Every structure is written in structure tokens, then in C-alpha cells.
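Sharing the initial chains of the complex here, in place:
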Amino acid sequence: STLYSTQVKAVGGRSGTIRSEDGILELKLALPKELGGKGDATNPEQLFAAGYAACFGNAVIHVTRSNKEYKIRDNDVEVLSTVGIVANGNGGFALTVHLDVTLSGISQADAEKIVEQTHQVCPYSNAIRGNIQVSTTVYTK
């Protein structure tokens, strides 16, 4: 059963607007300068990069807890997502995704094992498996 559901209205594509129905997310969008736009507002790739970095970091927190070896706080987890858009060779586009994951205060080996476990848990990682090959680098700070 559905634990949480949300609606967002988008009008006018990549030059237009988004507004969540509850008003909490309300943003103008622009084409980036690389595509000839002004780049003075966000875009689908940035919104996706943000959703996935946040969800993945959250799931890393949950996996590190319950493994029950380390006593970590929220901000000991940073995820830097790189999301790109490319033509797919079949008249459409694909995303590319890279994640740099930085965990504070745990060993390199444990951090890598935690990130591997998290990739099986995170809803977004499971949403793209078999279509996008996500690449990941793990850092320990």
C-alpha cells in the first residue's frame, strides 16, 4: 500500500513552471546555457539529481544504522550526484548518473560495503536498474 503520494503540475516544458499541489515546491525552469538558454532557473536533470542524491543519502543512513556497528549522525553522509542527458541513438534521450558518496567516520571497506547494500535498497536505484548503469565512487573523509 501507498505510504505517501504527491502531485506536481508542470506547465510548458523546460521553459515553464512546476508547482506541487500543496504549494511547497514552486519553481520556474529554464534551458541551461549549454543548450542556448539563459540558465537562470533549474531544470529536470537538476531536480532528478537532487531527488536521487537525497534519497540515496537517506538510505545510506538507514543501512549504516541497523548494520549497528557505527554511531553516525545525518550530516555524516554527503551524496554528490552528476546527472547528464544524452541522445540514445533511437530518436530519444537517456540520463547518465554518477554518485560520489562521502561518509564521515567509518573505514573505507565498511563504507564501500554500506554503499553496495544501499544500491539494492534505494527506490531510485531500483527504478533505473537495467536502463541506466549508475557508477559510484565511495569516499570516507
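Sure, I can see it. Numbers count the residues shown, from 1 in each chain, chains lettered A, B, ... in the order given.

Spatially central residue in chain A, please.
Nearest to the mean C-alpha position of chain A, by Cα atoms, centre = their mean, lies residue A:52 at 1.6 Å.

How about the secondary structure of it?
Look at residue A:52: counting by DSSP: H, G, I helix; E, B strand; the rest coil, its state is helix.

Relative to residue A:12, how far out is it?
Going from residue A:52 to residue A:12 by Cβ to Cβ, to the nearest Å gives 24 Å. (C-beta placed from N, C-alpha, C; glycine too.)

Could you do residue A:47 as well?
Distance, residue A:47 to residue A:12, by Cβ to Cβ: 15 Å.

and what of residue A:102?
Using Cβ to Cβ, we find residue A:102 at a distance of 37 Å from residue A:12.

which of those two has more neighbours?
Neighbour totals were compared for residue A:102 and residue A:12, and residue A:102 leads with 16 against 9 (other Cβ atoms under 10 Å).

would you say that one is within a strand?
Yes: inclusion of residue A:102 in a strand is indicated when three-state DSSP is applied.

contacting residues around it?
Going by Cβ atoms under 8 Å, 6 or more residues apart in numbering, residue A:102 touches A:77-80, A:138-141.

For the most far-flung residue of chain A relative to its centre, give me its contacts.
Within chain A, the residue lying farthest from the chain centre (Cα atoms, centre = their mean) is residue A:69, at 26.0 Å. Taking Cβ under 8 Å, 6+ apart as the criterion, residue A:69 is in contact with residue A:110.

what's the spacing between it and residue A:117?
For residue A:69 relative to residue A:117 (Cβ to Cβ), the value is 12 Å.

got it, and residue A:44?
Distance of residue A:44 to residue A:117, given as Cβ to Cβ: 29 Å.

Then residue A:31?
Residue A:31 is 38 Å from residue A:117, where distance means Cβ to Cβ.

ditto for residue A:40
In this view, residue A:40 and residue A:117 are 40 Å apart by Cβ to Cβ.

neighbour-wise, which of the two wins?
A count of neighbours by other Cβ under 10 Å puts residue A:117 above the other of residue A:40 and residue A:117, at 17 against 10.

Put this one in as chain B:
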Amino acid sequence: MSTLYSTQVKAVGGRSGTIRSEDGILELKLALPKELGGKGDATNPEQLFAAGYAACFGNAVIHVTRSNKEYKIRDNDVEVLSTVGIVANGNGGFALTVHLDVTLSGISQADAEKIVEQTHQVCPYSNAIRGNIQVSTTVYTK
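That brings us to chain B, laid onto the chains above:
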């Protein structure tokens, strides 16, 4: 193919933390919604995914309409309302669900349905999640 555009976003502290693009343009705080034991202060990964996919899909609808060469449209004649949910799967795990309501102004119902079916082949979010999330879509004209 070479990448047409790439962007970076740093997220700290999971669903109760923050996001910020490396160019400063997108910078937001996040909160668990009340349904998941939070305040709802602020946006969240499902709302951000919903927004990106509704906007990308609307843009592809525009592109497909224009490449089919029949209709005169402006950008704001396309609207996408996405519903994104998070459900329990498997063994205490979680999955995403997506429904799209697509509304095209000024075109016929059968043409709008053909356009929306073609845009699912173009939009990179649809291509990204195919076979993992079973997207449902309803098409309206007005």
C-alpha cells in the same frame, strides 16, 4: 553520443537535510512529510522526482507535437500532472509509483493519445524507469 548537458547536486543528511546544485541555482531544504513522521516543512525526493518528470515529459510532448508538423501550439498548451508515491515492496523495502495526467489544449483526442504514446519513447525519465516502474498515463484535451 556525447553528453549534451551535465549538472551536479550535493545532498547532505538524507530526507531531513539539504540539497544544493554546484551552480547555486537550485538550493533547498528537505523534510519528511507528516505521513512519514515529519512536519512537511519542505520538499522531498518524491516531489522533486515528480516535478522533474512532469516538466521533462511536457517538454517532450511539445517537441513531438511540433515534429509531427500538424498543430500550431505554444508551450503553455501542454500540462503534465504527475502523481508519485512510495510503496512497500518485498521485505520492508520501498518502491516508487508514477501516474501521469497529460492535458493538451487545442488538439483532437486521438491525436493527443498518439502524441503521448510517442513521447514515452523520447522522454529520458520514461526511458530511465521502463520495466521497473509501470507508469500509467491518462490523456485529456481541453
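
what do you get for the contacts of residue A:69 once chain B is counted?
Shown in contact with residue A:69 (Cβ atoms under 8 Å, 6 or more residues apart in numbering or on different chains): residue A:110.

mind giving me the domain split of chain A?
A:1-42, A:44-139 (automatic domain parsing).

out of the ones you listed, deepest packed?
Sort the domains of chain A by mean neighbour count, taking mean count of other Cβ atoms under 10 Å in any protein chain shown, and domain A:44-139 sits at the top with a mean of 20.

What is the end-to-end distance of that domain?
End-to-end distance for domain A:44-139, by Cα to Cα, to the nearest Å: 27 Å.

do the same with stretch A:35-51
Stretch A:35-51 stretches 23 Å from its first residue to its last (Cα to Cα).

same thing with stretch A:117-135?
The straight-line separation of the ends of stretch A:117-135 (Cα to Cα) is 14 Å.

same question, stretch A:97-108
Its first and final residues considered, stretch A:97-108 spans 22 Å by Cα to Cα.

how about the helices in chain A?
Taking DSSP state H, the helices of chain A run over residues A:44-67, A:108-121, A:123-128.

Kindly present the ones you listed as TSV, with separate columns for distance to residue A:8.
Formatted as TSV, those follow (distance: least, Cβ to Cβ, whole Å):
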stretch	distance to residue A:8
helix A:44-67	9
helix A:108-121	24
helix A:123-128	16
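
re earlier: distance check, the residue nearest to the centre of chain A against chain B.
7 Å (Cβ to the nearest Cβ, to the nearest Å).

ok, for that residue, nearest residue in space, not its chain neighbours?
Among residues not flanking residue A:52 along the chain, residue A:124 sits closest, at 4.5 Å (Cβ to Cβ, 6 or more residues apart in numbering or on different chains).

residues contacting the one you found?
Counting by Cβ under 8 Å, 6+ apart, residue A:124 touches A:51-52, A:55-56, B:45, B:49, B:96.

Please repeat the previous calculation with a cut-off of 7 Å.
The contact partners of residue A:124, by Cβ atoms under 7 Å, 6 or more residues apart in numbering or on different chains, come to A:51-52, A:55-56.

rewinding a little: surely the residue nearest to the centre of chain A and residue A:80 touch.
No: counting by Cβ atoms under 7 Å, residue A:52 does not reach residue A:80; the two are 11.1 Å apart.
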